[PDB]
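Trainee: See data-v9.cif below, with mmCIF, C-alpha atoms.
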data_run
#
loop_
_atom_site.label_atom_id
_atom_site.label_comp_id
_atom_site.auth_asym_id
_atom_site.auth_seq_id
_atom_site.Cartn_x
_atom_site.Cartn_y
_atom_site.Cartn_z
CA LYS O 49 91.70 95.05 131.62
CA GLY O 50 91.63 97.67 128.87
CA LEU O 51 94.50 99.81 127.59
CA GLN O 52 94.82 103.31 126.19
CA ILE O 53 97.65 103.67 123.72
CA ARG O 54 98.94 106.88 122.19
CA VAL O 55 100.08 106.76 118.58
CA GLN O 56 101.75 109.57 116.69
CA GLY O 57 100.87 109.72 113.00
CA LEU O 58 103.28 110.55 110.19
CA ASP O 59 101.66 113.99 110.21
CA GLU O 60 102.88 114.24 113.83
CA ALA O 61 99.28 114.30 115.10
CA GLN O 62 98.76 112.02 118.12
CA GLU O 63 95.62 109.95 118.53
CA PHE O 64 94.53 107.63 121.34
CA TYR O 65 93.50 104.01 120.92
CA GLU O 66 91.51 101.93 123.35
CA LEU O 67 92.43 98.24 123.30
CA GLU O 68 92.00 95.27 125.58
CA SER O 69 95.01 94.19 127.66
CA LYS O 70 95.16 90.93 125.66
CA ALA O 71 95.92 92.81 122.44
CA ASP O 72 98.63 91.66 120.03
CA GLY O 73 100.65 94.19 118.06
CA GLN O 74 98.48 93.37 115.04
CA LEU O 75 95.28 94.65 116.69
CA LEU O 76 96.84 98.07 117.34
CA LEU O 77 98.21 98.21 113.76
CA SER O 78 94.80 97.35 112.35
CA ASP O 79 93.03 99.94 114.50
CA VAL O 80 95.53 102.61 113.44
CA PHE O 81 95.14 101.69 109.74
CA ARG O 82 91.32 101.85 110.16
CA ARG O 83 91.37 105.14 112.07
CA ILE O 84 93.31 106.95 109.33
CA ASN O 85 91.80 104.78 106.55
CA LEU O 86 95.16 103.60 105.24
CA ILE O 87 94.36 101.17 102.39
CA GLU O 88 97.96 100.46 101.24
CA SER O 89 99.00 99.63 104.78
CA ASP O 90 101.47 96.79 104.13
CA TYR O 91 104.41 99.19 103.67
CA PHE O 92 103.89 100.61 107.19
CA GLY O 93 104.42 99.52 110.79
CA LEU O 94 104.52 100.96 114.30
CA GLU O 95 107.59 101.68 116.39
CA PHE O 96 107.75 102.66 120.06
CA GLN O 97 110.35 104.30 122.29
CA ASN O 98 112.02 102.00 124.80
CA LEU O 99 113.27 103.33 128.15
CA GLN O 100 116.59 104.36 126.62
CA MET O 101 114.43 106.39 124.20
CA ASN O 102 115.54 104.50 121.12
CA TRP O 103 112.87 103.51 118.56
CA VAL O 104 112.03 99.79 118.30
CA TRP O 105 109.57 98.05 115.93
CA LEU O 106 106.34 96.71 117.36
CA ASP O 107 106.09 92.97 116.72
CA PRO O 108 102.54 92.32 115.47
CA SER O 109 102.47 88.70 116.69
CA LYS O 110 103.38 89.37 120.32
CA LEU O 111 101.28 90.88 123.09
CA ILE O 112 101.86 94.59 123.45
CA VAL O 113 102.22 94.27 127.24
CA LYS O 114 105.06 91.80 126.67
CA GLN O 115 107.00 94.31 124.52
CA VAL O 116 106.60 97.58 126.43
CA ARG O 117 106.77 98.34 130.16
CA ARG O 118 104.27 101.19 130.56
CA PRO O 119 102.09 100.94 127.43
CA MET O 120 99.95 103.87 128.65
CA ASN O 121 103.00 106.14 128.98
CA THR O 122 104.83 104.96 125.85
CA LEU O 123 104.91 106.86 122.57
CA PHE O 124 104.20 104.84 119.42
CA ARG O 125 104.49 106.23 115.94
CA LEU O 126 103.50 105.24 112.41
CA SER O 127 106.55 104.60 110.18
CA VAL O 128 107.35 103.22 106.72
CA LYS O 129 108.79 99.71 107.24
CA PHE O 130 109.28 98.76 103.57
CA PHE O 131 110.34 101.32 100.95
CA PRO O 132 109.36 100.33 97.40
CA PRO O 133 111.62 101.29 94.50
CA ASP O 134 109.18 104.03 93.43
CA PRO O 135 106.60 105.32 95.94
CA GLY O 136 105.41 107.69 93.22
CA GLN O 137 103.79 104.60 91.71
CA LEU O 138 101.69 103.85 94.75
CA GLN O 139 98.02 103.95 93.77
CA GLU O 140 96.51 106.12 96.49
CA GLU O 141 97.09 109.84 96.95
CA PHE O 142 96.96 109.33 100.73
CA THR O 143 99.67 106.67 100.65
CA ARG O 144 101.95 108.95 98.61
CA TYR O 145 101.18 111.73 101.11
CA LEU O 146 102.31 109.48 103.97
CA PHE O 147 105.49 108.64 102.12
CA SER O 148 106.24 112.34 101.57
CA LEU O 149 105.76 112.82 105.36
CA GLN O 150 108.19 109.97 105.99
CA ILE O 151 110.76 111.79 103.85
CA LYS O 152 109.95 115.00 105.71
CA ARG O 153 110.73 113.15 108.96
CA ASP O 154 113.94 111.55 107.68
CA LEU O 155 115.16 114.89 106.32
CA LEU O 156 114.73 116.64 109.64
CA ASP O 157 116.23 113.92 111.83
CA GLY O 158 119.13 113.30 109.48
CA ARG O 159 118.39 109.76 108.33
CA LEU O 160 118.08 111.16 104.83
CA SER O 161 121.44 112.83 104.35
CA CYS O 162 122.02 114.53 100.99
CA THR O 163 123.64 117.64 99.51
CA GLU O 164 122.49 121.04 100.73
CA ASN O 165 120.98 121.94 97.33
CA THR O 166 118.95 118.72 97.25
CA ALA O 167 117.78 119.31 100.82
CA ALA O 168 116.71 122.81 99.86
CA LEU O 169 114.83 121.50 96.82
CA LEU O 170 112.97 118.86 98.85
CA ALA O 171 112.15 121.49 101.47
CA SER O 172 110.88 123.91 98.78
CA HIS O 173 108.34 121.32 97.58
CA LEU O 174 107.40 120.54 101.16
CA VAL O 175 106.67 124.24 101.67
CA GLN O 176 104.57 124.29 98.48
CA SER O 177 102.56 121.33 99.78
CA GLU O 178 101.72 122.84 103.18
CA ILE O 179 101.16 126.54 102.48
CA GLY O 180 100.86 126.94 98.69
CA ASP O 181 102.40 129.49 96.30
CA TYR O 182 105.46 131.66 97.06
CA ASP O 183 104.91 134.75 99.21
CA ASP O 184 107.85 136.64 100.69
CA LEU O 185 106.26 137.31 104.09
CA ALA O 186 104.43 133.97 104.50
CA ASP O 187 107.48 131.90 103.56
CA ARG O 188 109.72 133.63 106.10
CA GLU O 189 107.02 133.26 108.78
CA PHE O 190 106.60 129.58 107.97
CA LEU O 191 110.34 128.83 108.06
CA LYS O 192 110.71 130.70 111.36
CA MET O 193 108.11 128.43 113.00
CA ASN O 194 108.66 125.19 111.05
CA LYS O 195 111.91 123.26 110.94
CA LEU O 196 112.46 121.12 107.84
CA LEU O 197 116.26 120.82 107.85
CA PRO O 198 118.65 120.03 110.73
CA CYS O 199 120.71 123.18 109.97
CA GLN O 200 118.09 125.27 108.22
CA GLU O 201 119.01 128.90 108.89
CA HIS O 202 121.64 129.43 106.17
CA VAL O 203 119.63 127.42 103.61
CA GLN O 204 116.39 129.34 104.04
CA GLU O 205 117.09 131.81 101.22
CA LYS O 206 117.74 128.95 98.80
CA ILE O 207 114.61 127.16 99.95
CA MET O 208 112.51 130.26 99.22
CA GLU O 209 114.26 130.97 95.93
CA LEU O 210 113.42 127.45 94.75
CA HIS O 211 109.86 127.74 96.10
CA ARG O 212 109.30 130.58 93.56
CA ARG O 213 109.39 127.93 90.82
CA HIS O 214 106.50 125.84 92.13
CA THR O 215 103.67 128.32 91.54
CA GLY O 216 100.26 126.70 91.13
CA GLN O 217 101.29 123.21 92.20
CA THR O 218 98.76 121.36 94.35
CA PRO O 219 99.65 119.43 97.54
CA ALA O 220 99.30 116.12 95.67
CA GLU O 221 101.60 117.30 92.87
CA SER O 222 104.05 118.55 95.51
CA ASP O 223 104.02 115.16 97.24
CA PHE O 224 104.78 113.54 93.90
CA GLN O 225 107.83 115.80 93.30
CA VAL O 226 109.13 115.05 96.79
CA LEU O 227 108.90 111.31 96.10
CA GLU O 228 110.46 111.54 92.63
CA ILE O 229 113.43 113.53 94.00
CA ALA O 230 113.91 111.41 97.08
CA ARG O 231 113.67 108.00 95.44
CA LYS O 232 116.78 108.88 93.40
CA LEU O 233 118.95 109.52 96.46
CA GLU O 234 121.45 106.99 97.75
CA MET O 235 120.20 107.34 101.32
CA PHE O 236 116.46 107.05 100.54
CA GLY O 237 114.89 104.34 102.72
CA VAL O 238 118.30 103.56 104.22
CA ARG O 239 118.59 102.47 107.88
CA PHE O 240 122.11 101.70 109.12
CA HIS O 241 123.06 98.74 111.26
CA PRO O 242 126.70 99.28 112.33
CA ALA O 243 129.21 96.44 112.09
CA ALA O 244 132.83 95.59 111.32
CA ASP O 245 134.31 93.39 108.59
CA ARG O 246 137.07 90.78 108.96
CA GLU O 247 139.80 93.45 108.82
CA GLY O 248 138.01 95.40 111.55
CA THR O 249 136.87 98.19 109.25
CA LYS O 250 133.74 99.95 110.54
CA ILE O 251 130.85 99.63 108.12
CA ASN O 252 127.07 99.89 107.97
CA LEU O 253 124.68 97.17 106.84
CA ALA O 254 121.27 97.87 105.40
CA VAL O 255 118.48 96.01 103.66
CA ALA O 256 116.19 97.31 100.92
CA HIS O 257 113.80 96.17 98.17
CA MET O 258 116.61 94.74 96.02
CA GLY O 259 118.66 93.06 98.74
CA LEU O 260 121.48 93.90 101.14
CA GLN O 261 123.74 96.94 101.08
CA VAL O 262 127.11 97.67 102.61
CA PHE O 263 128.19 101.17 103.53
CA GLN O 264 131.48 102.62 104.67
CA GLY O 265 130.51 105.91 106.23
CA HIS O 266 127.81 107.27 103.90
CA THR O 267 129.30 105.85 100.72
CA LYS O 268 127.86 102.57 99.48
CA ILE O 269 130.59 99.99 98.89
CA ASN O 270 128.40 97.11 97.69
CA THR O 271 124.98 95.69 96.85
CA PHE O 272 124.02 92.00 97.07
CA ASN O 273 120.82 91.35 95.16
CA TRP O 274 118.43 88.71 96.43
CA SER O 275 119.28 86.59 93.39
CA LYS O 276 122.93 86.54 94.50
CA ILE O 277 122.17 85.60 98.12
CA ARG O 278 122.07 81.88 98.96
CA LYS O 279 121.49 82.19 102.72
CA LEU O 280 121.40 84.71 105.56
CA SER O 281 122.18 83.75 109.14
CA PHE O 282 123.72 84.89 112.40
CA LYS O 283 126.03 83.18 114.88
CA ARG O 284 125.98 85.18 118.14
CA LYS O 285 127.50 88.58 117.29
CA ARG O 286 128.40 87.51 113.74
CA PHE O 287 126.12 88.18 110.77
CA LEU O 288 126.69 85.90 107.79
CA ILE O 289 125.92 86.46 104.11
CA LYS O 290 126.35 83.33 102.00
CA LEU O 291 126.53 84.10 98.28
CA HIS O 292 125.87 81.83 95.31
CA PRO O 293 129.08 80.61 93.61
CA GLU O 294 130.42 82.94 90.88
CA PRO O 298 133.14 81.97 94.18
CA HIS O 299 135.19 80.07 96.72
CA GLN O 300 134.95 82.32 99.69
CA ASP O 301 131.17 82.55 99.30
CA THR O 302 130.70 83.99 102.77
CA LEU O 303 130.94 87.56 104.01
CA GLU O 304 131.32 87.94 107.74
CA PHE O 305 130.29 91.03 109.68
CA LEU O 306 130.77 91.51 113.41
CA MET O 307 127.93 93.41 115.03
CA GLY O 308 127.56 94.97 118.49
CA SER O 309 125.37 92.40 120.22
CA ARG O 310 123.62 89.11 119.50
CA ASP O 311 120.29 90.93 119.74
CA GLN O 312 121.48 93.40 117.09
CA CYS O 313 122.43 90.54 114.76
CA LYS O 314 119.02 89.08 115.33
CA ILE O 315 117.14 92.29 114.74
CA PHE O 316 119.01 92.81 111.47
CA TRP O 317 118.51 89.20 110.41
CA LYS O 318 114.73 89.48 111.04
CA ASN O 319 114.66 92.75 109.12
CA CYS O 320 116.35 91.02 106.19
CA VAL O 321 114.08 87.97 106.21
CA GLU O 322 111.00 90.22 106.40
CA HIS O 323 112.27 92.36 103.51
CA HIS O 324 112.99 89.30 101.39
CA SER O 325 109.59 87.84 102.15
CA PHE O 326 107.81 91.16 101.50
CA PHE O 327 109.53 91.88 98.17
CA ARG O 328 110.05 88.34 96.78
CA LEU O 329 107.65 85.77 98.22
CA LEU O 330 103.91 85.42 97.76
CA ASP O 331 103.12 84.94 101.50
#
Step by step, read the file and then write its structure as structure tokens.

Mentor:
Amino acid sequence: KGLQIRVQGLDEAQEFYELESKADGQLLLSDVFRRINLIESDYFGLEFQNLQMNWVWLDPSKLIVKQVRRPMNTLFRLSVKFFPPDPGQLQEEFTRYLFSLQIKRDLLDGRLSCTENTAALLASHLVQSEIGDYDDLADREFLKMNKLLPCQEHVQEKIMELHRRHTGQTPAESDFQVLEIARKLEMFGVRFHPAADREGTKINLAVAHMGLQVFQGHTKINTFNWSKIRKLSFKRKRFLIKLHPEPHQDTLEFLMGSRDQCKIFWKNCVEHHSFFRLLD
């Protein structure tokens, strides 16, 4: 048979895709990339909402019908999968635009936590990009009907104040400022995978362009560069980081919630390493 799949773009606009029932994840990804003419598409992937309404990555090598129960009723969305160290250096204006929309998303849903002043500054550039130069009446109208920050009301004056500085800046220049600000934040591109150490201390694991990170709360306790990592594995609920000597306990153990969570994080790490270090 044939399927009709709904995919939400980074600009929040939903389009519909007609695909055969035999389609892999890769076919849908390719059709989405073609529809929006995304040339630098390797940084991006698709996630969907499972029945507990959590977001899961679409596996491009598996059949879609084997990953999702009601593909016709399921929401998919375009997302950045791999954050490069400096998205401002991406070649295409459209790609940088998509990255600024990813930041916009992360800022609103709280993935990108930062100080209030930094949030306000990011939001002020985001306002410049959508509606142009500062206007008292138009800025208040926009902020009434658009939410950029999780707790925006008491920050709105600061957002507008800062927006007065950006007179004359084009949407592309605005996107660039958003990327330059965001790439310098500790939480940029960060996605937490909760776990506990040997002592039982709650921590968060994450993977990024340089290697693995360890967080306690929102403060980063450690970074293991790819060069320092000998091997990554998982044994049931345990995730294992084997380090190169120098030097005797060369293994860090982290207990995660389920085996499937270990596995998802392991795959994420192997994919990151491959993407940022290996030539296919």

Trainee: As a ChimeraX atom specification, please: the residues near range 290-310 of chain O (cut-off 6 Å, only C-alpha atoms, same-chain neighbours under 3 positions excluded).

Mentor: /O:243-245,276-279,284-287,313

Trainee: Would you list the contacts of residue 186 in chain O as a ChimeraX atom specification, taking every protein, DNA or RNA residue within 12 Å and counting all atoms listed in the file, but skipping same-chain residues closer than 6 positions in sequence?

Mentor: /O:175-176,178-180,192-194,208,211

Trainee: CA of residue 90 in chain O and CA of residue 74 in chain O, how far apart in Å?

Mentor: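 So the answer is 11.8 Å.
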
Trainee: Using only C-alpha atoms, can you tell me which of O:263, O:317, O:142, O:81 comes closest to residue 281 in chain O?

Mentor: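 Comparing O:263, O:317, O:142, O:81 against residue 281 in chain O, the winner is O:317.
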
Trainee: So what does the PyMOL selection byres ((chain O and resi 242) around 6) actually pick up in this one, as an MDAnalysis selection string?

Mentor: chainID O and resid 241 243 251:252

Trainee: Could you write out as a PyMOL selection string the residues that the PyMOL selection byres ((chain O and resi 160) around 10) matches in the shown file?

Mentor: chain O and resi 151-159+161-162+167+230+233-239

Trainee: Counting all atoms listed in the file, which residue out of O:112, O:86, O:53, O:138 sits closest to residue 124 in chain O?

Mentor: O:53

Trainee: Which is closest to residue 214 in chain O among O:116, O:196, O:321, O:169, if we use all atoms listed in the file?

Mentor: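 Going through O:116, O:196, O:321, O:169 one by one, the smallest distance to residue 214 in chain O is for O:169.
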
Trainee: Find the spatial neighbours of residue 80 in chain O, counting all atoms listed in the file, within a cut-off of 9 Å - ignore same-chain residues fewer than 6 positions away - and output them as a ChimeraX atom specification.

Mentor: /O:55,57,63,65,86,126

Trainee: Step by step, work through what the PyMOL selection byres ((chain O and resi 75) around 12) selects in the shown file, and finish by giving those residues as an NGL selection string.

Mentor: :O and (53 or 65-74 or 76-82 or 93-94 or 106-112)

Trainee: Between CA of residue 87 in chain O and CA of residue 140 in chain O, what is the spacing in Å?

Mentor: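 Taking CA of residue 140 in chain O and CA of residue 87 in chain O, their separation equals 8.0 Å.
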
Trainee: If we draw a sphere of 12 Å around (122.1, 91.7, 92.7), which residues have at least one atom in it when counting all atoms listed in the file? Please report them as a ChimeraX atom specification.

Mentor: /O:256-261,270-278,291-292

Trainee: Report the distance between CA of residue 51 in chain O and CA of residue 101 in chain O in Å, rounded to one decimal place.

Mentor: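 Separation between CA of residue 51 in chain O and CA of residue 101 in chain O: 21.3 Å.
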
Trainee: Given only C-alpha atoms as the basis, pick out the residue of O:165, O:56, O:266, O:209 nearest to residue 183 in chain O.

Mentor: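 Under the stated criterion, the closest residue is O:209.
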
Trainee: Measuring atom to atom with all atoms listed in the file, identify which of O:96, O:130, O:212, O:121 is nearest to residue 326 in chain O.

Mentor: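 Residue with the minimum atom-to-atom distance to residue 326 in chain O: O:130.
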
Trainee: Find, counting all atoms listed in the file, the residue in O:123, O:184, O:205, O:219 that gets nearest to residue 168 in chain O.

Mentor: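 Among the listed residues, the smallest separation from residue 168 in chain O belongs to O:205.
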